[PDB]
Amino acid sequence: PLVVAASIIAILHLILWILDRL
Ligand SMILES: CCCCCCCCO[C@@H]1O[C@H](CO)[C@@H](O)[C@H](O)[C@H]1O
């Protein structure tokens, strides 16, 4: 579960970063 949690957090932060950049 910690892997799943950390990976989801990271991926969502990356999506938001891309959205904010474009
Ligand atoms: C300090 C208290 C720790 C509690 C941890 C509870 C969840 C543990 O979860 C375990 O994580 C492991 C490592 O990713 C996996 O290999 C196991 O399959 C999974 O059951």
Side-chain angles (χ1 to χ4, degrees):
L2 193 66
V3 172
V4 180
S7 297
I8 293 174
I9 293 164
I11 289 168
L12 296 174
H13 279 297
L14 180 58
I15 291 168
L16 179 59
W17 181 82
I18 295 171
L19 174 67
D20 285 340
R21 289 306 191 89
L22 64 83

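Heads up: numbering here begins at 1 and tracks the sequence.
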Engineer: So which residues get pulled into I9's cluster when ILVMFWY side chains under 4.5 Å apart are joined, directly or through others?
Structural biologist: none

Engineer: Does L12 belong to the same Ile/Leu/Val/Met/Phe/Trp/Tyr cluster as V4, with side-chain heavy atoms less than 4.5 Å apart forming each link?
Structural biologist: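 Looking at the clustering, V4 is in the same group as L12.
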
Engineer: May I ask you to list the residues sharing a hydrophobic cluster with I18, side-chain cutoff 4.5 Å, ordered by chain and number?
Structural biologist: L14, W17, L22

Engineer: Quick one: name the residues clustered hydrophobically with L16, using the 4.5 Å side-chain heavy-atom rule over I, L, V, M, F, W, Y, and just say none if it's on its own.
Structural biologist: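 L16 shares its hydrophobic cluster with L19.
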
